[PDB]
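J.: Chains as they are written, first to last, in full-length UniProt numbering: chain A, 4 to 152; chain B, 14 to 77; chain C, 18 to 131. For every residue, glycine included, the Cβ atom is placed at its ideal position computed from N, Cα and C.
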RNA sequence: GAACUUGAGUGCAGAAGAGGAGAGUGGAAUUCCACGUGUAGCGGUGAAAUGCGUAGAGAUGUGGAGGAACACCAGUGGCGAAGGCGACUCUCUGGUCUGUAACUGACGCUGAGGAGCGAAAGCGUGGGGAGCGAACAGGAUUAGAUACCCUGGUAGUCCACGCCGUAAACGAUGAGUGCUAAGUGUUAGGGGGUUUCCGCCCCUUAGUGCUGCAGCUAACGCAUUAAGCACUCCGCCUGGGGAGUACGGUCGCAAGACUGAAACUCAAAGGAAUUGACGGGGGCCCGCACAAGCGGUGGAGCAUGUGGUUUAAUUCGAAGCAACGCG
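#1: Determine whether the beta carbon atoms of residue 78/B and residue 63/B lie at a separation below 8 Å.
#2: Got a sec, what are the start and stop residues for the alpha helix (DSSP H) residue 57/C sits in?
#3: Quick check: the Cα distance between residue 145/A and residue 61/A, rounded to an integer number of angstroms?
#4: To the nearest angstrom, how far is the alpha carbon of residue 50/B from that of residue 39/C?
#5: Can you give me the Cβ contacts of residue 20/C inside the same chain, cut-off strictly under 7 Å, excluding the 5 residues immediately before and after it?
#6: How big is the Cα-Cα spacing for residue 73/B and residue 67/B?
#7: Can you have a look at residue 125/C and say buried or exposed, based on whether 16 or more other CB atoms are within 10 angstroms of its CB?
#8: Going by C-alpha to C-alpha distance, which of 27/A, 139/A, 34/A sits closest to residue 45/A?
#9: Quick check for students: name the residue ranges of the beta strand (DSSP E) that lie wholly in the stretch 79-146 of chain A, counting only runs of 3 or more.
#10: Count the other CB atoms, across all protein chains shown, that sit within 10 Å of the CB of residue 150/C; report buried if there are 16 or more and exposed otherwise.
#11: Just grab the DSSP bridge partners of residue 89/C for me.
#12: Rounded to whole angstroms, what is the Cα-Cα separation between residue 54/B and residue 48/B?
#13: Need the endpoints of the beta strand (DSSP E) that residue 108/C sits in, please.
#14: List, in chain order, every chain A residue whose beta-carbon is nearer than 7 Å to that of residue 58/C.
#15: Compare the C-beta of residue 29/C with all C-beta atoms of chain A and state if any pair is closer than 8 Å.
#16: Out of 33/A, 112/A, 91/A, 65/A, point me to the one whose CA is closest to residue 47/A's CA.
#17: Near residue 119/A, which residues of its chain fall below 8 Å by C-beta distance, leaving aside the five closest residues on each side in sequence?
#18: Determine the contact status of residue 88/A and residue 149/A, defining contact as a CB-CB distance below 8 Å.
#19: Quick check on the DSSP output: the beta strand (DSSP E) that includes residue 47/C runs from which residue to which?
#20: Would you please verify whether the beta carbon of residue 61/C is less than 8 Å from any beta carbon of chain A?
#21: So which residues of chain A does residue 49/C contact, with C-beta pairs closer than 9 Å?
#22: Can you look up residue 13/A in the DSSP assignment and give me helix, strand or coil?
#23: Are residue 43/A and residue 97/A touching if we call contact CB-CB under 8 Å?
#24: Here's a check: name, in chain order, each residue in its chain whose Cβ is nearer than 8 Å to the Cβ of residue 34/B, leaving out the five neighbours to either side.
#25: Just checking: is the beta-carbon of residue 147/C within a distance shorter than 8 Å of some beta-carbon in chain A?
#26: Using the DSSP secondary-structure output, state which residues sit across from residue 73/A in a beta bridge.
#27: Compare the Cα-Cα distances from residue 70/C to each of 51/C, 57/C, 58/C, 79/C and report the closest residue.
#28: What in chain A is Cβ-close to residue 43/C, meaning under 8 Å?
#29: Does the beta-carbon distance from residue 68/C to residue 93/C come in below 8 Å?
#30: Whole angstroms are fine: how far does the CA of residue 9/A sit from the CA of residue 41/A?
#31: Step through the CB atoms of chain A and report whether any lies within less than 8 Å of the CB of residue 64/C.
#32: Per DSSP, residue 38/C forms a beta bridge with which residues?
Below, the structure is given as structure tokens:
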């Protein structure tokens, strides 16, 4: 079998980043990159406006707050259901951060996902936020089950 | 291995030889088996009899 | 005091560590269940590490610094508890691996699946 | 009737052995007890709970009591007819093996019936009770759980004597003897070729393992420790069930043991080995199989197909995957 790897497209016409196009490919509903690019640039323009910074640094700061160090996988021996803590390799750190941004942004509920994703980035920047519930709860699950490694 | 008692020609092991028995007894206090000390069957039997009698006169330990 | 002996008793459920005084006077004690783990997590060597940490914290009041650790009971948490006494500010000099060995003695209770 | 010494045994000399019986002693540990340390748990499980615990437990130090088995030696090692026998010492005592040459000179072997020994459980009497532990109680799992799991715990396990006299009491292989390739460990001897030795080699016993030739066998395998080739003696089998039953008898405090059918019933029961399939057996591998994800179905409305039911007919065909927007 063995591991297979994938690719992704380098630029964005505003905000020339790899990972911002990685978020563009994320949150795509039904094969519509156009709607996700419009939502994304209107959200990052809100993040540039409402806080007087470039939204790249706010976005990476939010990522740094969300990216979990420790997943806790499963290892069932007998009838035990043990969970085993896993040091996450940083690709999965970035992709779990992007899933949690996208999922809890559209799960929040405001008068566009422009505003929802923008306010979720603004909350994950000033660390208290909705995806950071998942960050904290995964680190608490790894902290309690640290006896197995 | 090689036997000790065949080498020095010595017969009945004579419990009074506390230093020789102290050589055969292990570090914790146990008797070392025949594949460690290299003796015969007969000489290992007389060795273990010797060590048990010398234990009952406190010439040899039980536990250390 | 400055010197004492650390009795670790790690059995298949619990790893109880009591740091006592040389003619047997317990300065402080903590178990794997005393730390809070109630389930099967009592058996993990992390709880033995935590129990050695708490016993080390309790021992350094009126105090003591250089231990002499006696491993008792057939378990798992002996190595982590010896290492965790070192990393909690104490010194572990001798290691007496003394589990109570009967020669022949009493007969054990029956094997389990029968 | 007379001789002989090989078979058998005595004599002398060693050697090894948990061979047995009686008495005495030891060291761990388990439990219990008292005191010091000290505080909130302990214990246990797949998960928990009953239990133990602030009235001070679990841990720990010292001391004491009591019972039972004797770690390491320990080994397809030893001994015994078998059961069996593992600390040590003494008292008495059984057998074996080795070297012969001193003796006897066939004195030998087997053995129905008889006599004895005879694991464990059980029985009687008196003690004993630490651990374990039927029965029994509580908690769990569970549809049920008179079970497995956990916490307790009676008889018993222990000792003295008496009874029972049974086991997969097994090497599933009666005892004796002779003959019939080897290799190799090992247990206890003996002897040789150099070395006083150490040690190596060789030879020979008696015991004990494995691999192996002829031979045997249905095959697996055994093979000088035979399941080979022979002789002696004994026990036992003559299809499965009924049935080790019933009756009678002997023994037994009892439980039961031994001896032991028939009516009836079946055309099989069975052994060893092959090919498959299966395993809540092991290994290795692979598939959107699992995981990692994305979107759904199951909820609502309708389309469509199928089961039931109503029918005059609701035409017939498909029915787990592999029928059900199928012909």
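T.: With the structure as the only source:
#1: Since the displayed chain B opens at 14 and closes at 77, residue 78/B lies outside it and no answer follows.
#2: Per DSSP, residue 57/C belongs to no alpha helix (DSSP H) and is neither H nor E.
#3: Answer to the nearest angstrom: the Cα atoms are 27 Å apart.
#4: So the alpha carbons of these two residues sit roughly 37 Å apart.
#5: The residues are 39, 81, 83.
#6: Distance between the alpha carbons of residue 73/B and residue 67/B is about 5 Å.
#7: A residue is called buried when at least 16 other Cβ atoms come within 10 angstroms of its Cβ; residue 125/C does not meet this threshold and is exposed.
#8: Of 27/A, 139/A, 34/A, the smallest CA-CA separation from residue 45/A is found for 27/A.
#9: Fully enclosed beta strand (DSSP E) runs of 3 or longer: 85-90.
#10: Nothing can be reported for residue 150/C: it is not among the residues displayed for chain C, which extend from 18 to 131.
#11: Answer by DSSP bridge pairing, in chain order: 26/C.
#12: So the two alpha carbons sit approximately 10 Å from each other.
#13: Counting along the chain, the beta strand (DSSP E) containing residue 108/C begins and ends at 108-114.
#14: Residues of chain A passing the Cβ test: 150.
#15: Taking 8 Å as the threshold, the shortest C-beta distance from residue 29/C to chain A does not fall below it.
#16: Closest option to residue 47/A, judged by alpha-carbon separation, among 33/A, 112/A, 91/A, 65/A: 65/A.
#17: Contacts found: 108, 109, 111, 112, 113.
#18: Taking the C-beta atoms as reference points, residue 149/A is found nearer than 8 Å to residue 88/A.
#19: Per DSSP, residue 47/C is one residue of the beta strand (DSSP E) stretching across 42-47.
#20: Cβ-Cβ to chain A under 8 Å: yes for residue 61/C.
#21: None at all; the shortest Cβ gap to chain A is about 11 Å.
#22: Coil.
#23: The Cβ-Cβ distance between residue 43/A and residue 97/A does not fall below 8 Å.
#24: Contacts found: 26, 28, 60, 63, 64, 67, 72, 73.
#25: The first residue shown for chain C is 18 and the last is 131, placing residue 147/C beyond what the model contains.
#26: Residue 73/A is bridged to 90/A.
#27: Among 51/C, 57/C, 58/C, 79/C, the Cα nearest to that of residue 70/C belongs to 51/C.
#28: Against chain A, the beta carbon of residue 43/C has no neighbour under 8 Å; the closest one sits roughly 26 Å away.
#29: Here residue 68/C is not near residue 93/C, since their CB atoms are 8 Å or more apart.
#30: In a straight line, the C-alpha of residue 41/A is about 25 Å away from that of residue 9/A.
#31: Any Cβ of chain A closer than 8 Å to the Cβ of residue 64/C would place that residue at the interface, and such an atom is present.
#32: Looking at the DSSP assignment, residue 38/C forms a beta bridge with 42/C.
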